[PDB]
């Protein structure tokens, strides 16, 4: 469901767009190239898509690119020494909510939530949800934060 999870709170677009900083991206937030040329954005796309090189892609193609990013996010998690021990102790529904957080703030940001991580690693799921709500993240995107937090506390998909 992780693809459904992130499609909900992050978003899904199937033709090439440009982000606030001006680079070429696609899908659930796949950056194609920092280069100004649109040409290279289509080519970098072609090597990934392994099909017709065009601005529009297949919704299935989006999930295969989404999978690629999910791969790199997990490689990043496992290299981080505060993030790694909490991840192995978590189950699958709780891992998705950890990845959800990294997609939003990077591995570096999730490492700032030092109390909540020791709570999650101790199975103290009710204590962790109070920690993560006393945070500027919860104030800035509350509707996403409440969904992610509930997944941590119950370990189910009921929220999405």
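Positions refer to the first chain, counted from 1.
Mean CA temperature factor is higher for 18-26 when stretches 146-154 and 18-26 are set side by side in the entry. When 33-41 is weighed against 93-101, 33-41 comes out higher, by mean CA B-factor as recorded in the entry. Ranked by C-alpha B-factor against the other modelled residues of its chain, residue 111 falls in the lowest third.
Split the chain's modelled residues into thirds by C-alpha temperature factor. Residue 56 is in the highest one. Residue 119: CA B factor in the middle third of modelled residues in this chain (values from the PDB entry).
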